[PDB]
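give the three-dimensional model of this entry:
(3 chains)
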Amino acid sequence: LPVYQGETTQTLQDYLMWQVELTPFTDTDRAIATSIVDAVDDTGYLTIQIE
Amino acid sequence: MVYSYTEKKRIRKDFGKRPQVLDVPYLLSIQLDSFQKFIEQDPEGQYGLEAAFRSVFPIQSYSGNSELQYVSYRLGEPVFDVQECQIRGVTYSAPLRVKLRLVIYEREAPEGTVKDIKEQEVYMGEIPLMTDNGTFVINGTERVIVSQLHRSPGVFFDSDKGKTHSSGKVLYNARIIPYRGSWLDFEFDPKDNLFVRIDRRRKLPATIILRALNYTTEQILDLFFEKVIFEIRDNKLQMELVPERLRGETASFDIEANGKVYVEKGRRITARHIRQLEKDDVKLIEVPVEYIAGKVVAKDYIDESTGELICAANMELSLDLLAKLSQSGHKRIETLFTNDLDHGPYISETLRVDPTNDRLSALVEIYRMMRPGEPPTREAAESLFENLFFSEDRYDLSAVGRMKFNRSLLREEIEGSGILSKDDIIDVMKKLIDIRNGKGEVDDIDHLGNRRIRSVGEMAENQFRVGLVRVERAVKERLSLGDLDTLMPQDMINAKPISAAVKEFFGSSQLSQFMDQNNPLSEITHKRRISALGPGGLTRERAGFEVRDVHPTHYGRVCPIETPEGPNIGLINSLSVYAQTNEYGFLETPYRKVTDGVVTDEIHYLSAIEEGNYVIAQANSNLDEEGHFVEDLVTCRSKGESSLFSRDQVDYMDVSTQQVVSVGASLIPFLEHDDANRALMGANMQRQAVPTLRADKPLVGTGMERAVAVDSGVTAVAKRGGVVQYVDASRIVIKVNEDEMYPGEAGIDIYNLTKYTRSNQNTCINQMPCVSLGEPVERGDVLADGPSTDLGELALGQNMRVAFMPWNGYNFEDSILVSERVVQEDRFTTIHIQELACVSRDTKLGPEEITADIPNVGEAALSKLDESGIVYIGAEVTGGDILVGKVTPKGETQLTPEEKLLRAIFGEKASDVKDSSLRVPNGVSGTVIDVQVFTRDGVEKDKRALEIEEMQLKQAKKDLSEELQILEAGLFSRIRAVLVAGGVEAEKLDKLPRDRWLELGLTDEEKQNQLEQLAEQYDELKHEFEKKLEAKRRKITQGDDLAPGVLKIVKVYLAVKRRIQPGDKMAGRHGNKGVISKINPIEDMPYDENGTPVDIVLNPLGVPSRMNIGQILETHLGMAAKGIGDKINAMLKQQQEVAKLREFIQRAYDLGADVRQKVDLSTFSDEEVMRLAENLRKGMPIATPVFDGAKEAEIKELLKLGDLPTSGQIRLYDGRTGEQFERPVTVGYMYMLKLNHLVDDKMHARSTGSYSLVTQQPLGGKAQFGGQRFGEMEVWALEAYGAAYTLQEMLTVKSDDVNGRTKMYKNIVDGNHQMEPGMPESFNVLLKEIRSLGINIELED
Amino acid sequence: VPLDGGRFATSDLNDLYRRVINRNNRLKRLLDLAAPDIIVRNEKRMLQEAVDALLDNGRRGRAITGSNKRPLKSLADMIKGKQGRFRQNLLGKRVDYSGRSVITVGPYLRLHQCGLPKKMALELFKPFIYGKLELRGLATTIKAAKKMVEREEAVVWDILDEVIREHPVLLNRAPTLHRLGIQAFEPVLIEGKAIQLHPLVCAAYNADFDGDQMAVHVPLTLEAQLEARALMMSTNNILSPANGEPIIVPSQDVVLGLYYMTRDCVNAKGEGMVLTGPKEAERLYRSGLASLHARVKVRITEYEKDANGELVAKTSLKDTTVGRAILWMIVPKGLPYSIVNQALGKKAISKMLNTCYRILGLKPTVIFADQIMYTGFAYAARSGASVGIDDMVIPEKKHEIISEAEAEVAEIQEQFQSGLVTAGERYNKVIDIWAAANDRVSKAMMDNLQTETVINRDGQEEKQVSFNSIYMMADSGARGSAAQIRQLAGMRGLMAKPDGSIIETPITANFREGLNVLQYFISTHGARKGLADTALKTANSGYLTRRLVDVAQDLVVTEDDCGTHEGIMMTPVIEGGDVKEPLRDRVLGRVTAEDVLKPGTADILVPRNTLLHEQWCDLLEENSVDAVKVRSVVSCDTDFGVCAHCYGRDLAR
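Residues are numbered from 1 along each chain as shown, chains lettered A, B, ... in the order given. The coordinates are given below.
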C-alpha cells in the first residue's frame, strides 16, 4: 500500500506553532514569533541569542 | 435403565417419538483420523510418511555406484506441553529423525558394495503435532486447517453447451483431470471437428495426438471405423448388406435381395422389409454406381504392377478413377459406411485438416504449441512429449484417478498405473464420439460422486513430498560431485528447506486460519467446515451460479442450512451428524438394511453412487414391533424422484431425523416450523454468541447440546476415576479405585483448570468445578464446566421472560426492550481480556532497560509502578496511564557547558534517556489480571523476574509431591504391616520411622531382607523424586530464545467487564435479532395478575412475515417448563414430604405419548430425589428433537399440569396507568444469546488527528483515532441536492488541503465561519505522478 | 516506511528505480570501454526491459518482490484500477468529523431532530467548545480550555448544550442509492452511545433496526448549514424525486393501531351513547364506552375551503365510532370527516397525508404525520396486538381436499398404467390438479379467516369482521399478506424448483402442524436461489448505477425556454388485454405544446404553453383526448443541457 501508514507527527516545534496560530497578535508579532520558535531545540531552549 | 451419575443430578425430559438406533459419533473424527495415520508406523507404504518416503527416497548418483536408503523413521518426543507452548508462544511440534543408510560400492563389479554408513540418523525439520481436540498450537495461538472440497481426479464428459455456444448447437467436450501435472481436453467444434487442447492453450488438430503415438492412417481408420468388404469383381458391383448391422435408409433404385426384389425403388424403408431381409440369407447384392461417389475408401490401395499413390487414404471415389482402380489395382476395395443418422465420422473430416502426415512432422507441432521458439532436433520433442504424459515420476495422478478412469469406462479392474496409455486415449475419444452420436448421458460436477474432500493429512503429505523432492536434487548433486569420500550422510541433507516449507504451509495459508474461541459450538462447527476455495477447485468466489446450489445428493452428507449468506454463499458447507468419509475421498452416510419387510439393526454406509441405485425410505415412517410397516404405501426415494412404494420395493431406511442436519442447526428447537432463510441466519448467529458470568441451562432444547459440549473438548472430564478426595477452584484430584488401576502407579489423577486465560476472540475461558467433596465419579463423567456450559450441557444464553406486544414504538421494527431487572441481575454480562506487549530492541547507542526512572513525569503516575516498572497484579488503569517504564538511550555528547551545568545541578538524567514507557491507548479502562516477562539467554538482569519463576516452581512442587507422598505412605503402611505379630507394636512406627528399628530382629531370616528391600525402594523413590524436581526446575527457568534485535519481552493481560446497554445486538435461535434501544425500569414494565413484571418486550409483527411459529412454540414450552419449576419450588418451600414430591415428579416425567420409559422410586434413593428436585427447581428441562419434537396437543396438555391456560394467553396491566389491557398477550420464556457486535467498540468519533504523508489524507477506520470515508454515491446524493458550498467544504476543509485546515480551525475558534478552499494536495500529487512519465501537463491562466 | 526499524526496505517504488539506475550506469561505463556488440546489445535490451517494467509491469514481463510472487505496482499501476490515483479522491478521501454511529428507534424526538449521544458529542464540536470558552472568559489560554475539556466539567456540558442547540447536523447511510441517502436533522443529546433515528425517516434510509452503522457529518461554514437546513432537512423531502409519491408513509405498528382503534365488532359498551366529540376520550379513558363502540352520534365541525383563500365551518351530526371521533381531534381543520370514517388501513392514511399535503401545505402535513405517528405508537401499545398458536385457524375441509386430490392423482396414475396417458400429459394433469387443490385450500382458509364470526345479539347471527391478529395485519397492511398466510394455515403449494422444473408431488402442510424431513430439504432450493441472486445482483445494480451517473452527469439546467414546437407524442399504453397506463400521469408533470385541439373543429382547450398542474388533466380526460404533443428533452434547442420549459417539476416542490 503506497503510503503504508505515513502518519505525520507532532514534533514540538510543530506544536509551538499550532498555538502560535491561535494566539492573537499582529503581522510583525507573528513574524518575530516564527522567528523565535524557529530557532528552538528538542530540549527546548533557544539556540540563538536574542540580539 | 439410565444411571448417568453425572447427569442424574438433572434429567431432561425428551419428546422423541422415533427410537434412537445409532449413537452420535465422536463428531470430531475427520480432524484426527487423518493426522493419526499421517504419522502412523504402517508395515506397508500406502499413506502417511511411509508412502511419502518410498516414492523418491532411493538416491542414485550419475553412474557413481553410490546409493542412499532409509531403514525407518521415528517421531521424537515433544519438548514442551500444550499449556507450556501457549504460555511461551512457541509452536507445538515434534522433531523428526530417520535412520538412513549410505552405501558406496567399488567399480568393475556388478552391484558389489564395499562400505555402508548406516550408523547415524539426521534430523530433518520438525512436524507440527496436533492436540487432543484436532487443533495446533502454531505460534502459541490455536489454528485450524479447514478441509477442502475439490473435483476427484478422472475423466468428465461434460456438455458445456446452450446459450454459450452462440450457434444454436449442442457441444460435447471431454476433459481428463489428473492430480498432478498437465491437463488434457478433447473439445468439440460446431463443424463436427474434434480438437486436442493442453493447459487450456491454443487448440490442436484431432488426430495429431494419435499420429504422435506411433499410429498410422490405416491403423486409425481400421480401429476407429468399421470397414465393409465391398467386393466388386467382374464389374458386378455387389456389396454385402446386413440388415441387422446397418439399416434405416431408403433405397434409391436397382436394389434386390437374393433374387426377388424385397425393397422397391423409391419406397420407404420399413421394419417388415428389414425382418424379411434378416430372415433369409442375403449374399452380395448389386448396387448402382452412385453409391461409390459419396463413399470414401478406408485403406490405401496400390496397383499390382506399379506402386503409385493412386486411391489415397481418406479420399472419395470418383467415376473416372473407378475404372482404372478396378483394372489395375484390385476388385475388392475397403470402404466406409458414413451413416449420419446414428453415427458421425468427426475424424475423417479432420484427417485432411492435419498439415502433417509423418510422425516426425507431427511430433514438432505439439512442441511448437508448447514452446514458441527453439525448434527441436529429433531429441527434445520426443523427450518432452514422453515426459509430459507418459512419464512415471511426472504425472503419477493417484489410485483414485485410476479407479475413476476404470469406473467411467466400464472396466472391472481397479489397480492400474499412474501413467497414461494409447488405448486409454483411444477409448476416451471413442466414448466421446459415441456420446456425440448418443450412447449415454453426460456427467455432473455438482453430483457428490464426482467430487471428493481432502483433509489435513494428505495435504501435509503432499507438502512434505514437495519439500523432500527438492532436497533430493541437492543430495544427487552432492553424491555426483566428489564421490571419493567416506563422510557421514550429511552431504546435502538440509533441514531448513523442508521445515520452512511445512511452516509456510501450516502458518500462513488460505485454508489455515485462527479458530473462533467465543463458543464451544463455534469451535466444533469450525472443525467440521468444508471450503471450496484454496489451492485448487475454485480460484475465487465468482464465476458460478449453479455450483452453489443445493444438489439432491446433499441429503445426508452436507447441510443445506448451515452456510454463510455473504458472497461466499454455497462454497462453505458443514458436515452432517452421521456423515463420514469414504475409503478414498468421498462422503458416506449410514442406512439400515431392510430384508423382506423387516428392518435389521445392522448399519451400512453408502455413497452418492450407491444411494442412487437402491430404494431408501424416509425417517418419518411408521414401524411395527417386529420391524414391519403399518401402511402398505411408504414414501421413499429411488433415483431422485421421491414417490410411494410398497413394503416389498424398499431396500434401505434412514437412521434418525438428525441425519440431514448439521451440528449447528440441530440445536434449533422446532426447526420444522421456521423458514429456510430464518433457520440459516439463526444457525449463523448462534456462532457469534459470547459467554457470560453465570451460565443458565436452556428450558427448550434438543438433547444434542450434551454431545456438542462433551465432544468439543472445552471442559474437563474424569478419565479412569473412582472417587474424589480434594476439590479446589483450580485443582481437581481423583483417587482411582483398584478396579481400573494398574500396578506401577500411585493411583491418582490430577486436573488443572483454566482460569481467566485470553482467547483468540479476546474472550474469557474460565472453568468452574461441579463436585463438592467426596463424590463417586465414574468414567466419562464431566468434572469442570467450560465457557457457556452447565452440568455438561451447552448453554449459551439465558431464559428471559418475553412477551409479544408493541410498547410505545420502542419495538418499532427490530428493537428489543430490556427491563431494568435484567441489568440489575447482571445477566448477559460479558468479560473480555486485553493483551499488551513491549520489547526492548537494543540499539547502537546502548541497551534499553526497564528501571522505572522516567524523566518528565509526575509521582502520581509512578504511584502504581513497582521497582522494575511493571504494575502490581490486581490494580486498575484508565485512559493513558503507564504500565511498563522503558527508556531509550541517547548518544553521548561533547563537554557541553549547558548540559554539563544541567547535569551538575539535577543529575541522574543528563538527557541520556527518552520517555518510551508503555502506556494504555486512549478510550481504554480496566483492571490488570497478570504480567509476564521473558528474558533471552545471556542477560541476567532479573529485577523482579524471579517471582513468577518461584511461583511456577512451587506450583510444580505442590502437584508433583502428591504422588511421592502417596507412594511413601503406601510403603510405610507396608512396613508397619510386615512387622505385625513380631513383637513390635504400631506405636513405635507411628512415633518415629527409624526404618522399622533397622532390622530389630523380629524374624532374622526374611524380615531383615524385607526391611532392606523396602529401605532400598524408599531410597530409590527419594532419588527419583529429587531427579524429577531437578529436571522440572531446570526446564522452568532455563530461559527462552527471542529475536536477535529483541532483548526481552514484557506482556500484560488485563480484564474488562462489559454490561448490557442500548446499541448491543441481542439475538435468538430462530433467526431473530434486535438492537437494544431502551433500558426500562421495573415499574414501567407491564405486570401480570400476580405482580411479576416481564423482562423483555418483543414486537409480534415479525412472525407472519418471517414464518417464526417456532418462537411461539418455544415460548409456550418454556412457560409450561417455568410453571412446573415454580410448582416444584413451591413444594420445596412448603417443606412437604418426599413421597408427594416424588409422585409429582414421576407424573410430570411420564406425561405425553410413548417416548421414553423412566420412573423414580426404583433407582433414585430417598436422598437423590432431594438434589434432583433442587436442581430443576427453576424450570423443567425439555428436549425436543429436530424433526421429531413435541406436538401442539402435548404442549397444551403440559400447560394443564402446572395450572396454566392451554391457549397460552394471559391478561396484563399497564405499569404506568394501572389499566387492564385487552387482547391478552401471550407471555413465555425465550432463550436469548448476546452477540459480539456490541456498541462499546462500534462507536468512534474524531475532530482532528494525524494525517498521512502521501495524499495528506487522515488514517481511516479507527486506526489510531481515524475518521470515516466519504463515498461516490454520497457526492452523487449531495449533487442531487445542489449543495455546492457543502461539497467545497468536504473537498477543502475536511480534506488534504494543508493551508486550509489551520485557517478553518482559527476561524472556528475565533467565530468567523469563513472558508478558504485553495487547492487540495492530492491534485498536486496526481500532477507529479503524471509528470513522472513522458507526458507534459500543466494548468494555464 | 521501515518495517522492523533497522532496514527501511523501500518496495514497489524504489526497486525498479534502483534497477534501472545501476543498469544504465553499467551500460554507460561499458559503452566507453569499446565493448563487443553482443554484450552492449544485451545490456541495452535489458535496460529497455527494465524501463518498460518501471513504466508498465503487467503488460510485458513480470517483476516480483522478495519471497512474494505478487507483482509490483508501477507508476501507471497507482493511476488506473480500483487502487489508482483516479480513485477515491473525488470526495472519496477520508473525512474528519464522522464515523460509525449506531441507529436506534426515536419514538419521541420528532422529524426535525436526531439523538446525538453526548459521548460522541463534545468531540466533533471541540473547535466550537474552545471558541465558546475563549469568548465567555472561562479560559484565558488554549491550554486551559483543552484541560477543562479533557476533564469534562459541568460548564463544558453547559457550553456544549448552548452551542449545539441552534446548529444542525446531517446523517448518511453507508449504502446510499438515491438522493434521500443523506438527510439533515437537529442534534439532541442523549445519554447513550447510539444515535436515535426517526422511524418515518427509516423508510428513506431503508434501515431495519438490525446491526447497522450510520455516518454523521457536521457543517462548519454558514453556507453549509443553510444548505442543510433549506435543502437537506427531513421536513422538506416529503415527496419522492423519482415518481412523486410521498416518502414519509406509515407502514409499521402505527397502521395496526389506527386500524384497531377505528373499528367496531358489532356494538361495544355504550352503543346508544350520543356525545359531541371531545367527550369520546373522556368516556373511553375512565368508563362508559370502548373504542369499538358503534352507532355513536356526534356533531362534527368540519372546515371546508369553498371560498377563495378562506375556509368556512359546517356543523353536522353524522354517525361514527369513538375512535374516529378521537382521531378527528388530531385531524386538522382543512381535511373533511369522510376521510377519517372508514376501515383506515395503510392506503387510507397514505391518501389522507397526500391530501393534507396538497390542500393545506407542508407544515400542516408534517405536524399531521407527527401526531398520527404519536397516536399510533400510543394505541398499538394500549391495544396489545398479541399472537398465538390458536390465533391462526387451519380449515377442516383441508383434510378432505387433500384426500380428493390424492384420489385424483391415483386415478391419473391408473390411467397412465393403462397406457392411455403418456408421461408429459400425466405430469401436466397432476400439476393442474394440485394447483386447483391448492387454490381451493387457500379459498377455504380465507373463508375461515374472513368475516365469519358469530356474536351475541337479538338475531344471534351477526357475521362481522373477525379480530384475528394475522388477518387484521393482512387487511390493514401493516406487515404480511395473504400469500404469507397461505403458508401458515393452508398448504405451502407447489414450492418445487430445483433449477427450472417443478416436482409432481407438492408440499401439503404449514408451519403449525410441523413438517417432514423430505419436504424441508426440498423447500430450501428456492431460498438458496433467492439469496444467491440478491448477493450476485447487488454488485451488478451498483455497477449499473455507476455507469448511469457517469454517462448522465454533464446534464444541467441553463436555459429557460427553447422556443421550439418539436415534441413527442404521448398516448395511453393500450397493448394486450387492457390499458396498462392511461393518459393521466404520463402527461401530468409535462408541458403540452400548441398541438392540443378540442374534438370539435375550430375549438381549443388550452393555450400553447401551459402546465397541467392538477385540473387540466381532468379537462383533457373529459374530452377523451388520446394523443398529446409535448415539448421535452433534447428536441428543445438549447445546445447545452435541457431547457426548463419541457421538464415539469417531478420533485417534492
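
can you count the residues close to residue B:223?
Other residues lying near residue B:223 total 13 when counted by other C-beta atoms under 10 Å in any protein chain shown. Quick note: C-beta positions are derived from backbone N, CA and C, even for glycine.

next, it: secondary structure please.
helix (DSSP: H, G, I helix; E, B strand; the rest coil).

mind checking how far it is from chain A?
61 Å (C-beta to the nearest C-beta, to the nearest Å).

looks like that residue contacts residue B:426 (just checking).
Yes: the pair residue B:223 and residue B:426 passes the contact test of C-beta atoms under 8 Å, sitting 6.9 Å apart.

what does the longest helix seen in chain A contact?
When secondary structure is assigned using DSSP state H, the longest helix within chain A turns out to be helix A:27-38. With contacts defined as C-beta atoms under 8 Å, 6 or more residues apart in numbering or on different chains, helix A:27-38 is touched by A:13, A:16-17, A:20, A:23, A:25, A:46.

what is the nearest of the residues you listed to residue B:916?
For residue B:916, the nearest member of these is residue A:13. The distance, counting by C-beta to C-beta, is 20.2 Å.

quick check: closest non-adjacent residue to the closest one.
Taking C-beta to C-beta, 6 or more residues apart in numbering or on different chains, and ignoring the residues beside it in sequence, residue A:13 has residue A:40 as its nearest neighbour in space, at 6.1 Å.

give me the neighbour count for that neighbour.
Applying the criterion other C-beta under 10 Å, we find 15 residues in the vicinity of residue A:40.

can I assume it is in contact with residue A:46?
Yes: when contacts are counted by C-beta under 8 Å, residue A:40 is listed as touching residue A:46 (5.2 Å).

host element of residue C:10?
For residue C:10, there is no enclosing helix or strand under DSSP states H and E.

against residue B:556, how distant is the nearest residue to it once chain neighbours are set aside?
In space, residue C:10 comes closest to residue C:1 once its chain neighbours are excluded; the distance is 7.4 Å by C-beta to C-beta, 6+ apart. Using C-beta to C-beta, to the nearest Å, we find residue C:1 at a distance of 54 Å from residue B:556.

between the two, which is the more surrounded one?
In terms of neighbours (other C-beta under 10 Å), residue B:556 is the more surrounded of residue C:1 and residue B:556; the figures are 27 against 15.

which residues are in contact with the residue nearest to residue B:457 when sequence neighbours are not counted?
For residue B:457, ignoring the flanking residues on the chain, the nearest one in space by C-beta to C-beta, 6+ apart is residue B:34 at 3.1 Å. Counting by C-beta under 8 Å, 6+ apart, residue B:34 makes contact with B:455-458.

farthest-separated two in these?
Using C-beta to C-beta, the two most remote members of the contacts of residue B:34 are B:456 and B:458, lying 7.9 Å apart.

which of these two has more residues huddled nearby?
A direct count of neighbours by other C-beta under 10 Å for residue B:456 and residue B:458 places residue B:456 higher, at 25 against 21.

pretty sure that one is touching residue B:32, no?
No: proximity of residue B:456 to residue B:32 does not meet the contact threshold set by C-beta under 8 Å, at 9.7 Å.

list the buried ones in whichever helix or strand residue C:132 is part of?
In this structure, residue C:132 is located in helix C:126-135 according to DSSP H and E. If you call a residue buried by 16 or more other C-beta atoms under 10 Å in any protein chain shown, then helix C:126-135 has these buried ones: C:126-134.

columns distance to residue C:254 on top of those, output as CSV?
Converted to CSV, the buried residues of helix C:126-135 look like this (distance: C-beta to C-beta, whole Å):
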residue, distance to residue C:254
C:126, 39
C:127, 41
C:128, 37
C:129, 39
C:130, 43
C:131, 42
C:132, 40
C:133, 44
C:134, 47
